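In: model the structure of this input:
(chains A, B, C, D, E, F and G, ligands or ions: 8)
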Amino acid sequence: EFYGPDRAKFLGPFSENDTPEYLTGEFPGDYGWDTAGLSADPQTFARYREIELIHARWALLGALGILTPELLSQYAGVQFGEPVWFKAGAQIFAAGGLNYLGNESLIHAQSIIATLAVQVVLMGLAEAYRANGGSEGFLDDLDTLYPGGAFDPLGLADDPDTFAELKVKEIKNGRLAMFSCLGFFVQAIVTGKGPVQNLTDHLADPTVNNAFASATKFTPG
Amino acid sequence: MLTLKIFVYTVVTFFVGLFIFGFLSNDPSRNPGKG
Amino acid sequence: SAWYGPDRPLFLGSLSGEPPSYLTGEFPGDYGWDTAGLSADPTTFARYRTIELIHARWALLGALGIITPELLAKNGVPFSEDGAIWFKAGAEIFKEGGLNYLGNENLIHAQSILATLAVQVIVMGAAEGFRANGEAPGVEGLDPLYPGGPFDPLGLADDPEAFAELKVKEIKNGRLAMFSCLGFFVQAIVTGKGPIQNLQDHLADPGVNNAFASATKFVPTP
Amino acid sequence: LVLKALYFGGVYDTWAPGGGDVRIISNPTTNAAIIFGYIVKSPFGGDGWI
Amino acid sequence: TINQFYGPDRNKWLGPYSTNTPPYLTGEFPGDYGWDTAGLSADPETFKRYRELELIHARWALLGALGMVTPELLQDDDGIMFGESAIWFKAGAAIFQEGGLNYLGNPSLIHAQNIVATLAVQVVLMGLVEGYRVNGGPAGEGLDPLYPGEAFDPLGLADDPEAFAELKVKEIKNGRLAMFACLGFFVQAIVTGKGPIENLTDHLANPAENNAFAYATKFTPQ
Amino acid sequence: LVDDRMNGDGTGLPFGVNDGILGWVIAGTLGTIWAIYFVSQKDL
Amino acid sequence: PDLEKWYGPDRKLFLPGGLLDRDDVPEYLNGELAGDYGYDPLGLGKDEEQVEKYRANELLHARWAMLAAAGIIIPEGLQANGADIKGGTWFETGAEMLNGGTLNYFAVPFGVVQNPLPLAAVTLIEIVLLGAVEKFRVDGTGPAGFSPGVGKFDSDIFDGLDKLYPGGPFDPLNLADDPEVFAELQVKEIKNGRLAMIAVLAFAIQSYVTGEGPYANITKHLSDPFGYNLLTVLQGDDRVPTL
Ligand code: CHL
Ligand code: CHL
Ligand code: CHL
Ligand code: CLA
Ligand SMILES: CCCCCCCCCCCCCCCCCC(=O)OC[C@H](CO)OC(=O)CCCCCCCCCCCCCCCCC
Ligand SMILES: CC1=C[C@H](O)CC(C)(C)[C@H]1/C=C/C(C)=C/C=C/C(C)=C/C=C/C=C(C)/C=C/C=C(C)/C=C/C1=C(C)C[C@H](O)CC1(C)C
Ligand SMILES: CC1=C[C@H](O)CC(C)(C)[C@H]1/C=C/C(C)=C/C=C/C(C)=C/C=C/C=C(C)/C=C/C=C(C)/C=C/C1=C(C)C[C@H](O)CC1(C)C
Ligand SMILES: CC1=C[C@H](O)CC(C)(C)[C@H]1/C=C/C(C)=C/C=C/C(C)=C/C=C/C=C(C)/C=C/C=C(C)/C=C/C1=C(C)C[C@H](O)CC1(C)C
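Out: Residues are numbered from 1 along each chain as shown, chains lettered A, B, ... in the order given. Ligands and ions are numbered 1, 2, ... in the order given. Shown next is the protein structure:
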């Protein structure tokens, strides 16, 4: 499963005969999908693999992070400046500023330019250390895509077997998170309500409350 | 009358189309001579 | 008129210049237009040629299906208010009368958008999984891009020169239909009326009723 | 002839009021339907072709 | 010297924190700071096509940025030299005025009203021009596709290749700065509705409040 | 009115078509003749 | 190409074949100069020395009259459509700065700037400038350089040059190194020059007759073709109609 000539495919029994010859299943999450064929070049394919990998991870952060404020508004009545994620940024433009869980003394941020500057410099230095692969001996090694050293404290990187299926789990969970992220993004522009709010309004009546109910919203005049 | 008009119209445009495409169908090659 | 080989016509005519080396001229519609170098290698060229021709057939069907119902609406086929205008046709399924083919209540008369999409998913998924794989219960070895066989009932694709000429007609008609489908998409958004309605407005007063009247309508205003 | 009717004195109109006169043509009918409906018209009474 | 811009010893798109840059970027082209993480130019002739795109876009965007700013710099205090069209993203409607599109406030300059005629003249002239660029014509037939330099360099300039190369680095860096700016002009126009000069003057009035931060709540869904 | 008529006289009626089905069948019949003529080419 | 239509024995003459046998041309015009139509009813050419000596003056007259044609037609039209020229009409432009009334120069598109220097300064620098240029032309001696075609040339380039066609410094854009295209452009130049000479003499006699500029002449003629022409202007006032 998930490796070798009998790996899983992106069309199952429909991807038996016509598959690209460059997609041999050496990599995790390989299913053979290059119908548009953007990776007939090997090093270009390597660069897209790097893109896909950290893209999946960033999508995982986003997918978990834009459910938690709305889920916490649900159930145990957690208060915010504003719970829904696509209108979360305006939290910093409120009178009380930005507060982590509604407490005036949690972060109480009001300087949006300053927090932009801080985030830009910190994440820039982090990404610059990532792409360079270390310097002057300070982490001046590793493959820059599956580091492990100084980034895997639980040590779940040994057992090459478990590493292989765990890598497949990583890329596959990430792809699920990217699919969900497009769900969040398109529900944001179409419904204008939170993902959890749309799922709550979805459980009442799926027959009339589907995506076709707002299919006439963007009708040109 | 409208049914008769549609019938005569399709008959006339059929025969006139036959005439048009018959004379388009390489008519100066129907001679029995040389040239 | 020499649609194949190096002496084929190119996409700029007398000012074309030297075509790319991979676009030698053995495939239909080769006008030597690859200015972004997408198809330098054979595999991207083959995949992009498949995307081309599949999109071409989809656009020929699409252009005819956008043109037809609103023409028949002007002919007396009774589509009420939105079955005529193509981008509003999908909204017709929600009305109290359902979706009636040719406006007659006995035809189709659909009410379940979920059911029609689900039947379409299983039918088109089977069809496209069969198209990609190249195998089906009844056909074994066929060209993935130009299948034929049961797809050529009339025997029109037999002799190679007529086959190749019809391939050129196919690819050029498909590109024209793709161009017109892009046209339908854009004139839908900016004008809000049907394509033949745009044509008849342009047929009344072409000097004012054109695309230049709808240029100032998208200025972002403070 | 178009230039003569538009900017070079106009042409004689019998349909202008007062017995008709020489008038300058302003806004000619460039509508293709009006132009070619004469051509496609029947030659008989009431229509007279062109 | 010139070694700063060519060879492996050149400057980089991430500076001293960039060793893992791509090995097909040897340092033989203008610019080339090593930024190809998407890897799109690993293919050699697609890389060539992409450089042609880069330099053509660079020249067009230098002209575009300096032209989107220059009417709004030449606008006067009472606003009678140009009407409302001094702002670049409302320039086209200047040809729809009763006084037409006049190059400056004097009606003796251009004074154009037929947008169809202007569009057709532009299409024909630009078609011949770019056909000469792709194939060859009066200005050259076998010159360099990107740096012809026989009628396009009449003031000498391109001698002594040591200076010629670093001047080309100036070309591509000025061009890339210009296209970054033009992207700025587009995204500023779509979210403000104000001219770029008045964006600059409003920011120079109050930089804490007059920024895109104030306009981040503009596109919110209901 | 005492009896039903087309009243198609005058009116500058193009090709004498008062209903669109007349133009459609004219175009269609010329098209069928053109179709047989076109497919029956590369002959003689 | 197609240089066998202006040179050689077969060339376009000042009359076509039926009205002019090729043996009727003077023997000294057999296709050696640009713009040789064999036009000589009055024997002013004599032989090749006098023909090329008169061609010197023809070429200078051409290169003056072409710029002249542009300079008469352009500012009058600019003023007529609304430029701030104040004196575009050519036969009264000199009358502007008789009382110190210096002209307004149009550096189109960024112009309408006042010229802050009077008639005496204009004429003093005009003689000291073009007299210097014309003394240079007969001597072939030029002090300094910095031309776009060849940059910062020294004075040892005007000697050895062809008189009346000094390429190099006077050829910034080149486009004449091929003798074929150089000959074609020589024919183009001399024919444009003769056309402009006819045009400027027409400007002069049109101004003397109609009392106005040639752009006004062409504009009023395009407005009323039959109502404004030579036979209209020499009428004086109306015409008794024949009814
Ligand atoms: C020493 C550290 C160093 C670092 C960290 C960088 C980093 C960078 N350089 Mg630099 N450089 C560095 C040194 C040097 N550079 C250059 C010369 C250049 C050039 C010439 C160029 C760069 C470019 C870039 C960028 C390439 C990566 C990118 O596009 O990321 C993407 C960036 C992000 C994802 C950050 C996003 C931040 C986020 C807060 C933005 C705001 C978000 C909004 C609020 C919301 C937007 C979305 C909404 C609407 C839904 C990047 C920001 C290139 C570039 O991109 O230029 C524009 C480029 O062309 N560098 C030189 C001189 C030789 C350097 C010398 O040391
Ligand atoms: C790069 C070229 C180019 C661009 C960017 C524009 C942009 C514009 N023109 Mg112009 N035009 C251009 C070329 C030409 N126009 C005209 C003639 C006119 C007229 C007559 C009018 C305009 C108007 C307009 C504006 C429409 C209002 C609006 O907000 O629209 C949407 C645009 C934006 C929100 C700005 C951001 C643009 C960005 C989203 C798109 C950039 C990518 C492009 C799709 C690239 C296309 C490439 C081409 C080669 C296919 C707009 C900003 C109108 C105007 O000013 O009304 C007040 C108008 O009346 N144009 C001609 C013929 C001479 C052109 C020839 O090249
Ligand atoms: C991936 C990052 C990211 C995304 C997707 C968003 C998305 C959003 N932010 Mg934002 N932000 C992001 C990063 C950041 N924001 C801010 C600071 C703010 C503020 C202060 C505000 C926003 C607001 C907004 C919203 C814009 C208003 C609107 O309705 O627009 C249209 C929205 C859509 C069309 C739907 C969502 C957009 C999505 C589909 C586009 C994604 C594009 C890119 C792929 C994302 C990455 C770009 C760069 C960083 C690489 C929007 C939903 C505003 C808001 O919520 O106001 C109510 C607001 O006031 N952001 C910072 C600085 C701390 C960021 C990063 O550093
Ligand atoms: C349809 C008319 C027509 C055509 C096709 C020709 C063609 C030809 N003529 Mg010719 N000619 C014509 C009418 C015509 N002619 C008339 C009316 C006259 C009397 C003036 C002449 C007198 C004439 C002579 C004396 C000679 C020729 C000669 C020739 C031959 C080549 C040289 C040449 O261009 O002649 C030159 C003709 C002219 C310079 C006349 C001026 C033409 C300009 C361009 C007028 C622009 C036309 C404009 C639209 C006005 C038309 C208005 C219209 C509504 C009435 C050539 C094959 C030569 C020959 O026989 O070779 C051996 C020759 O010697 N022609
Ligand atoms: C009220 C409406 C009736 C008005 C009648 C006039 C309608 C407009 C037609 C004008 C076309 C001009 C024909 C000139 C060339 C004909 C010579 C030819 O034939 O040359 C033949 C040549 C041979 O190779 O082929 C070719 O050049 C290709 C032939 C080009 C012709 C295009 C025909 C348009 C579509 C035809 C009918 C649509 C068919 C539908 C019916 C079919 C069955 C349902
Ligand atoms: C494979 C293939 C093959 C063939 O042949 C070709 C083709 C077709 C091309 C292909 C495909 C592709 C694809 C599918 C793609 C897609 C992607 C995606 C979906 C992404 C997303 C992705 C997504 C993502 C990242 C996301 C992310 C997110 C984030 C960051 C977020 C953030 C946030 C948060 C938390 C919080 C706040 O309050 C809000 C915000 C700020 C908002
Ligand atoms: C070649 C080249 C080269 C260079 O160098 C580069 C480049 C630029 C890349 C290039 C180019 C490209 C291009 C041109 C592209 C385009 C495309 C298109 C347009 C498509 C469309 C395409 C289009 C299409 C498919 C379309 C389709 C359609 C359809 C299905 C439709 C459907 C329908 C109908 C019927 C009706 C109804 O009521 C509705 C609906 C249901 C909706
Ligand atoms: C390198 C790399 C690598 C990695 O890995 C990946 C990636 C990311 C892909 C990359 C990047 C890329 C980029 C950055 C891009 C960008 C571009 C641009 C921005 C362009 C523009 C560009 C731009 C341009 C051309 C522009 C142009 C302009 C124009 C014409 C304008 C015109 C005008 C004017 C004057 C004014 C008036 O009033 C209006 C008009 C008339 C309209």
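
In: which residue ranges of chain D form helices?
Out: Secondary structure of chain D by DSSP state H: the helices cover D:2-6, D:32-40.

In: actually chain A, sorry about that
Out: Using DSSP H, the helices of chain A run over A:42-65, A:68-73, A:112-132, A:160-190, A:195-204.

In: and the shortest one, which residues are buried?
Out: Pointing back at helix A:68-73 there. Of all the residues in helix A:68-73, those buried under the rule 16 or more other C-beta atoms under 10 Å in any protein chain shown are A:69, A:70, A:72, A:73. For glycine as for every other residue, the C-beta is placed from the backbone atoms N, C-alpha and C.

In: again, but for the first one
Out: Judged by neighbour count (16+ other C-beta under 10 Å), helix A:42-65 contains these buried residues: A:44-49, A:52-53, A:55-56, A:59-60, A:62-63.

In: elements contacting that helix?
Out: If you count contacts as 3 or more C-beta pairs under 8 Å, 6 or more residues apart in numbering or on different chains; DSSP states H and E, helix A:42-65 packs onto helix A:160-190.

In: same thing with the fourth one?
Out: Where contact means 3+ C-beta pairs under 8 Å, 6+ apart, helix A:160-190 is packed against helix A:42-65, helix A:195-204.

In: quick check, the shortest one touching chain C?
Out: No: applying C-beta under 8 Å from any C-beta of the partner chain, one finds that helix A:195-204 is not in contact with chain C, the shortest distance being 13.5 Å.

In: does stretch C:16-24 reach chain E?
Out: Yes: residues of stretch C:16-24 contacting chain E under C-beta under 8 Å from any C-beta: C:16, C:17, C:20, C:21.

In: would whatever helix or strand residue B:3 lives in count as contacting chain D?
Out: When secondary structure is defined by DSSP states H and E, residue B:3 falls within helix B:2-24. No: judged by C-beta under 8 Å from any C-beta, helix B:2-24 stays clear of chain D, getting no closer than 13.0 Å.

In: what do you get for stretch G:229-243?
Out: No: taking C-beta under 8 Å from any C-beta as the criterion, stretch G:229-243 and chain D are apart, separated by no less than 12.9 Å.

In: pull that stretch out as PDB, backbone CA atoms only.
Out: Extracted C-alpha coordinates of stretch G:229-243, given in PDB (Å, rounded to 0.1, in the frame of the first residue of the first chain):
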ATOM      1  CA  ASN G 229     -11.400  77.600 -55.400                       C
ATOM      2  CA  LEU G 230      -9.400  79.700 -57.800                       C
ATOM      3  CA  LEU G 231     -12.300  80.600 -60.100                       C
ATOM      4  CA  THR G 232     -14.300  81.400 -57.000                       C
ATOM      5  CA  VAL G 233     -11.700  83.800 -55.500                       C
ATOM      6  CA  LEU G 234     -11.000  85.700 -58.700                       C
ATOM      7  CA  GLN G 235     -14.700  86.400 -59.100                       C
ATOM      8  CA  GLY G 236     -14.400  89.200 -56.500                       C
ATOM      9  CA  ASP G 237     -18.100  89.200 -55.400                       C
ATOM     10  CA  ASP G 238     -20.900  86.700 -56.200                       C
ATOM     11  CA  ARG G 239     -22.200  86.200 -59.800                       C
ATOM     12  CA  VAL G 240     -25.300  87.500 -61.500                       C
ATOM     13  CA  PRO G 241     -27.400  84.300 -61.900                       C
ATOM     14  CA  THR G 242     -28.500  83.200 -65.300                       C
ATOM     15  CA  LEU G 243     -32.300  82.700 -64.500                       C
END
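
In: got the contact list for the residue in chain D that chain C sits nearest to?
Out: Closest residue of chain D to chain C, C-beta to the nearest C-beta: residue D:32 (6.4 Å). Residues in contact with residue D:32 (C-beta atoms under 8 Å, 6 or more residues apart in numbering or on different chains) are C:203, C:206.

In: can you check residue E:202 too?
Out: Contacts for residue E:202 (C-beta under 8 Å, 6+ apart) come out as E:194, E:210.

In: secondary structure element holding the residue most central in space within chain E?
Out: Nearest residue to the geometric centre of chain E (C-alpha atoms, centre = their mean): residue E:61, 1.0 Å. Assigned by DSSP H and E, residue E:61 belongs to helix E:44-74.

In: which positions in that helix come out as buried?
Out: For helix E:44-74, using 16+ other C-beta under 10 Å, the buried residues are E:46-49, E:51-52, E:54-55, E:57-58, E:61-62, E:64-65, E:68-69, E:71-72.

In: do that helix and chain C meet?
Out: Yes: judged by C-beta under 8 Å from any C-beta, helix E:44-74 comes into contact with chain C at E:44, E:45, E:46, E:47, E:48, E:49, E:50, E:52, E:53.

In: many thanks, I have nothing further to ask.
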